[PDB]
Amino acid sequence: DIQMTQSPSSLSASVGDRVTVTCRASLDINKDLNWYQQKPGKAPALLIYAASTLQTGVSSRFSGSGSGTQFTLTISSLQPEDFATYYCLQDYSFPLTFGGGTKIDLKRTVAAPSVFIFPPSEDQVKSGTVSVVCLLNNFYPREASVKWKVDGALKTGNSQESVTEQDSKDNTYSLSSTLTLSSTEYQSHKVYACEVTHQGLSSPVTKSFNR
């Protein structure tokens, strides 16, 4: 199957900016590419089809170009209603495949996350399964990577992230990264550490606790 590689995963923009979203095909797909806008809880809406044709009722500041494997969606004068996620969709061959998405959000000054780590309470330890929560609070841009280190060793799997929508008041994001462990496996280690990387941080910030 062909697959689109969408870029960037998120893109920061101000009202009135000229903004570019790109889509890359693994194979040649001629001009059989479509652009979609999606708002939360809603179906994607078709903006551009056949690489450059504007769908009926769509505002004219949306435009598309490209052919072969490289395609571009341009929003000429971004308005507040343009803040959304955008997907490209190839229909050159079966199966139809979508790009990874581009969330366009409101630009604001860079804010490093404040990091906090929460050990499970004794009440939850007695229940047989515990959660360890690492919190990245009020940061910007959405850009964020969390690494888990237990007893000095990098760990992978288990951890799950959730993120809020861009905050209405300060335009920041917050992120939780949560480990879910049995009480036994939890007590089989001493030190739990989450290590956070962000543009607002010149070097990673680690917050850790000993059980």
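One rule holds for the numbers: they count along the sequence shown, beginning at 1.
J.: I need to verify one thing: averaged over C-alpha atoms only, is the B-factor higher for 46-54 or for 25-33?
T.: The entry gives the higher C-alpha B-factor average to 25-33.
J.: Per the record, averaged over C-alpha atoms, which has the higher B-factor: 159-167 or 57-65?
T.: Mean C-alpha B-factor is greater for 57-65.
J.: Name the residue from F98, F118, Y92, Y86 with the greatest C-alpha temperature factor listed in the entry.
T.: Spelled out: the listed residue with the top C-alpha B-factor is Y92.
J.: By the recorded C-alpha temperature factor, relative to the other modelled residues in its chain, which third is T109 in?
T.: For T109, the deposited C-alpha B-factor lands in the middle third.
J.: Using the temperature factors of the C-alpha atoms in this entry, rank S77 within its chain: lowest, middle or highest third.
T.: Its C-alpha B-factor, which the entry lists for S77, ranks in the highest third among residues of this chain.
J.: Please place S127 in the lowest, middle or highest third of its chain according to the CA B-factor in the PDB entry.
T.: Highest third of the chain for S127's C-alpha B-factor.
J.: In terms of the CA temperature factor given in the entry, to which third of its chain does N210 belong: lowest, middle or highest?
T.: Middle third of the chain for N210's C-alpha B-factor.
J.: Would you mind checking where the Cα B-factor of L179 ranks among the modelled residues of its chain, as the lowest, middle or highest third?
T.: Lowest third, going by the recorded CA B-factors of the chain.
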